[PDB]
>>> print(open('start29.tsv').read())   # TSV, N, CA and C atoms
chain	number	residue	atom	x	y	z
A	1	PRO	N	25.24	-106.08	9.77
A	1	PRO	CA	24.57	-106.23	11.08
A	1	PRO	C	23.31	-107.07	10.95
A	2	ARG	N	22.95	-107.77	12.03
A	2	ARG	CA	21.79	-108.66	12.01
A	2	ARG	C	20.53	-107.90	12.36
A	3	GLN	N	20.08	-107.09	11.42
A	3	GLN	CA	18.90	-106.27	11.63
A	3	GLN	C	17.93	-106.44	10.48
A	4	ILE	N	16.68	-106.09	10.74
A	4	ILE	CA	15.67	-106.07	9.71
A	4	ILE	C	15.82	-104.79	8.92
A	5	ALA	N	16.20	-104.92	7.67
A	5	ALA	CA	16.46	-103.76	6.85
A	5	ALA	C	15.16	-103.30	6.21
A	6	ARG	N	15.05	-102.00	6.00
A	6	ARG	CA	13.80	-101.41	5.57
A	6	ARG	C	14.04	-100.45	4.42
A	7	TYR	N	13.72	-100.89	3.23
A	7	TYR	CA	13.93	-100.10	2.05
A	7	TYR	C	12.64	-99.41	1.65
A	8	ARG	N	12.67	-98.09	1.56
A	8	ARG	CA	11.49	-97.33	1.21
A	8	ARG	C	11.50	-97.03	-0.28
A	9	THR	N	10.48	-97.52	-0.96
A	9	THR	CA	10.40	-97.42	-2.40
A	9	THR	C	9.87	-96.06	-2.84
A	10	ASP	N	9.85	-95.84	-4.15
A	10	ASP	CA	9.39	-94.58	-4.74
A	10	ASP	C	7.95	-94.28	-4.33
A	11	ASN	N	7.18	-95.33	-4.08
A	11	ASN	CA	5.79	-95.20	-3.67
A	11	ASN	C	5.68	-94.82	-2.20
A	12	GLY	N	6.79	-94.94	-1.48
A	12	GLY	CA	6.77	-94.69	-0.05
A	12	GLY	C	6.56	-95.96	0.74
A	13	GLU	N	6.31	-97.05	0.02
A	13	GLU	CA	6.15	-98.36	0.63
A	13	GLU	C	7.45	-98.80	1.26
A	14	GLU	N	7.39	-99.21	2.52
A	14	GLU	CA	8.56	-99.69	3.23
A	14	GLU	C	8.65	-101.20	3.12
A	15	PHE	N	9.85	-101.70	2.90
A	15	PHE	CA	10.04	-103.13	2.70
A	15	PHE	C	10.98	-103.70	3.74
A	16	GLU	N	10.52	-104.73	4.42
A	16	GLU	CA	11.31	-105.39	5.45
A	16	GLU	C	12.03	-106.61	4.88
A	17	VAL	N	13.30	-106.74	5.24
A	17	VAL	CA	14.16	-107.81	4.73
A	17	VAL	C	15.23	-108.12	5.77
A	18	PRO	N	15.12	-109.28	6.43
A	18	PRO	CA	16.05	-109.68	7.49
A	18	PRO	C	17.42	-110.10	6.95
A	19	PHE	N	18.46	-109.40	7.39
A	19	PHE	CA	19.83	-109.74	7.02
A	19	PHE	C	20.59	-110.28	8.22
A	20	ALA	N	21.67	-110.99	7.95
A	20	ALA	CA	22.51	-111.53	9.01
A	20	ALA	C	23.61	-110.53	9.37
A	21	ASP	N	24.32	-110.78	10.47
A	21	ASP	CA	25.31	-109.83	10.97
A	21	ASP	C	26.58	-109.83	10.13
A	22	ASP	N	26.65	-110.74	9.17
A	22	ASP	CA	27.80	-110.80	8.27
A	22	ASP	C	27.54	-109.95	7.03
A	23	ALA	N	26.29	-109.56	6.84
A	23	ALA	CA	25.89	-108.80	5.67
A	23	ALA	C	25.83	-107.30	5.96
A	24	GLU	N	26.39	-106.52	5.05
A	24	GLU	CA	26.36	-105.06	5.15
A	24	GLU	C	25.05	-104.53	4.58
A	25	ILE	N	24.53	-103.46	5.17
A	25	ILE	CA	23.24	-102.92	4.77
A	25	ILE	C	23.40	-101.65	3.94
A	26	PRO	N	23.06	-101.72	2.65
A	26	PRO	CA	23.06	-100.56	1.77
A	26	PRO	C	21.74	-99.78	1.84
A	27	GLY	N	21.72	-98.60	1.25
A	27	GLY	CA	20.50	-97.82	1.21
A	27	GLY	C	19.75	-97.99	-0.09
A	28	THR	N	20.10	-99.01	-0.86
A	28	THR	CA	19.35	-99.35	-2.05
A	28	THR	C	19.34	-100.86	-2.27
A	29	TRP	N	18.19	-101.38	-2.65
A	29	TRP	CA	18.00	-102.82	-2.78
A	29	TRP	C	16.73	-103.10	-3.58
A	30	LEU	N	16.84	-103.97	-4.58
A	30	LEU	CA	15.69	-104.34	-5.39
A	30	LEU	C	14.65	-105.05	-4.53
A	31	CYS	N	13.46	-104.48	-4.45
A	31	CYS	CA	12.44	-104.99	-3.55
A	31	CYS	C	11.43	-105.83	-4.32
A	32	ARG	N	10.47	-106.40	-3.59
A	32	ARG	CA	9.49	-107.31	-4.17
A	32	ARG	C	8.55	-106.59	-5.14
A	33	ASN	N	8.64	-105.27	-5.17
A	33	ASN	CA	7.83	-104.46	-6.07
A	33	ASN	C	8.54	-104.23	-7.40
A	34	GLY	N	9.84	-104.49	-7.44
A	34	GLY	CA	10.59	-104.32	-8.67
A	34	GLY	C	11.26	-102.97	-8.74
A	35	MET	N	11.35	-102.31	-7.60
A	35	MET	CA	12.01	-101.02	-7.50
A	35	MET	C	13.06	-101.07	-6.39
A	36	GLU	N	14.16	-100.36	-6.58
A	36	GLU	CA	15.19	-100.29	-5.55
A	36	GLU	C	14.77	-99.32	-4.46
A	37	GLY	N	14.42	-99.86	-3.31
A	37	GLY	CA	14.02	-99.03	-2.20
A	37	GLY	C	15.22	-98.51	-1.44
A	38	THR	N	15.05	-97.39	-0.77
A	38	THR	CA	16.12	-96.79	0.01
A	38	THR	C	15.96	-97.10	1.49
A	39	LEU	N	16.91	-97.85	2.03
A	39	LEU	CA	16.96	-98.11	3.46
A	39	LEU	C	17.38	-96.83	4.16
A	40	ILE	N	16.73	-96.58	5.27
A	40	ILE	CA	16.88	-95.33	5.99
A	40	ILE	C	18.24	-95.30	6.68
A	41	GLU	N	19.16	-94.59	6.06
A	41	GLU	CA	20.54	-94.45	6.51
A	41	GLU	C	21.27	-95.79	6.55
A	42	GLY	N	21.99	-96.10	5.48
A	42	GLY	CA	22.65	-97.38	5.38
A	42	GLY	C	24.13	-97.27	5.10
A	43	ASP	N	24.49	-97.39	3.83
A	43	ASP	CA	25.89	-97.45	3.42
A	43	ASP	C	26.52	-96.07	3.34
A	44	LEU	N	27.82	-96.04	3.08
A	44	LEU	CA	28.59	-94.81	3.06
A	44	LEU	C	28.70	-94.28	1.63
A	45	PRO	N	28.11	-93.10	1.37
A	45	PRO	CA	28.22	-92.44	0.06
A	45	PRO	C	29.66	-92.06	-0.27
A	46	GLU	N	29.94	-91.92	-1.56
A	46	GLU	CA	31.26	-91.49	-2.00
A	46	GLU	C	31.23	-89.99	-2.30
>>> encode(input="start29.tsv", output="structure tokens")
Amino acid sequence: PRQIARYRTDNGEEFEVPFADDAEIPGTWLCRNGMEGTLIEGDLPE
């Protein structure tokens, strides 16, 4: 989806990253801090 994705890091810092509508949004992504932040409700867990 074409939304601004927001990954919250271990520090609680929220990270904004604009994706296109062709891209799927996961709840983990390496951020500019060097930590995989968790986007608030994203992909489907197994």
>>> select_by_dssp(input="start29.tsv", residues="chain A", states="strand (DSSP E)", output="list in words")
residues 4, 5, 6, 7, 8, 14, 15, 16, 17, 18, 29, 30, 36, 37, 38 and 39 of chain A
>>> write_last_selection(input="start29.tsv", atoms="N, CA and C atoms", output="short mmCIF file (atom, residue, chain, number, x, y, z; two decimals), in the coordinates of the input")
data_model
loop_
_atom_site.label_atom_id
_atom_site.label_comp_id
_atom_site.auth_asym_id
_atom_site.auth_seq_id
_atom_site.Cartn_x
_atom_site.Cartn_y
_atom_site.Cartn_z
N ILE A 4 16.68 -106.09 10.74
CA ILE A 4 15.67 -106.07 9.71
C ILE A 4 15.82 -104.79 8.92
N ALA A 5 16.20 -104.92 7.67
CA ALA A 5 16.46 -103.76 6.85
C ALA A 5 15.16 -103.30 6.21
N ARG A 6 15.05 -102.00 6.00
CA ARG A 6 13.80 -101.41 5.57
C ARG A 6 14.04 -100.45 4.42
N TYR A 7 13.72 -100.89 3.23
CA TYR A 7 13.93 -100.10 2.05
C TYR A 7 12.64 -99.41 1.65
N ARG A 8 12.67 -98.09 1.56
CA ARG A 8 11.49 -97.33 1.21
C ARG A 8 11.50 -97.03 -0.28
N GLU A 14 7.39 -99.21 2.52
CA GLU A 14 8.56 -99.69 3.23
C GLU A 14 8.65 -101.20 3.12
N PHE A 15 9.85 -101.70 2.90
CA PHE A 15 10.04 -103.13 2.70
C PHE A 15 10.98 -103.70 3.74
N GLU A 16 10.52 -104.73 4.42
CA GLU A 16 11.31 -105.39 5.45
C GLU A 16 12.03 -106.61 4.88
N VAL A 17 13.30 -106.74 5.24
CA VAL A 17 14.16 -107.81 4.73
C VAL A 17 15.23 -108.12 5.77
N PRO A 18 15.12 -109.28 6.43
CA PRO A 18 16.05 -109.68 7.49
C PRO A 18 17.42 -110.10 6.95
N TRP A 29 18.19 -101.38 -2.65
CA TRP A 29 18.00 -102.82 -2.78
C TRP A 29 16.73 -103.10 -3.58
N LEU A 30 16.84 -103.97 -4.58
CA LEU A 30 15.69 -104.34 -5.39
C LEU A 30 14.65 -105.05 -4.53
N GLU A 36 14.16 -100.36 -6.58
CA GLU A 36 15.19 -100.29 -5.55
C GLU A 36 14.77 -99.32 -4.46
N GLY A 37 14.42 -99.86 -3.31
CA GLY A 37 14.02 -99.03 -2.20
C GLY A 37 15.22 -98.51 -1.44
N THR A 38 15.05 -97.39 -0.77
CA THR A 38 16.12 -96.79 0.01
C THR A 38 15.96 -97.10 1.49
N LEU A 39 16.91 -97.85 2.03
CA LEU A 39 16.96 -98.11 3.46
C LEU A 39 17.38 -96.83 4.16
#
>>> residues_around(input="start29.tsv", residues="stretch 21-23 of chain A", least_positions_apart="6", cutoff="8 Å", atoms="only N, CA and C atoms", output="MDAnalysis selection string")
chainID A and resid 1:3
>>> write_last_selection(input="start29.tsv", atoms="N, CA and C atoms", output="short mmCIF file (atom, residue, chain, number, x, y, z; two decimals), in the frame of the given file")
data_model
loop_
_atom_site.label_atom_id
_atom_site.label_comp_id
_atom_site.auth_asym_id
_atom_site.auth_seq_id
_atom_site.Cartn_x
_atom_site.Cartn_y
_atom_site.Cartn_z
N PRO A 1 25.24 -106.08 9.77
CA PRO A 1 24.57 -106.23 11.08
C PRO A 1 23.31 -107.07 10.95
N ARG A 2 22.95 -107.77 12.03
CA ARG A 2 21.79 -108.66 12.01
C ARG A 2 20.53 -107.90 12.36
N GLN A 3 20.08 -107.09 11.42
CA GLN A 3 18.90 -106.27 11.63
C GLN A 3 17.93 -106.44 10.48
#
>>> residues_around(input="start29.tsv", residues="stretch 34-43 of chain A", least_positions_apart="3", cutoff="7 Å", atoms="all atoms listed in the file", output="JSON, numbers by chain")
{"A": [5, 6, 7, 8, 9, 10, 25, 26, 27, 28, 29, 30, 31]}
>>> atom_distance(input="start29.tsv", atom1="atom CA of residue A:33", atom2="atom C of residue A:17")
14.4 Å
>>> atom_distance(input="start29.tsv", atom1="atom CA of residue A:12", atom2="atom CA of residue A:44")
22.0 Å
>>> atom_distance(input="start29.tsv", atom1="atom C of residue A:11", atom2="atom C of residue A:46")
26.0 Å
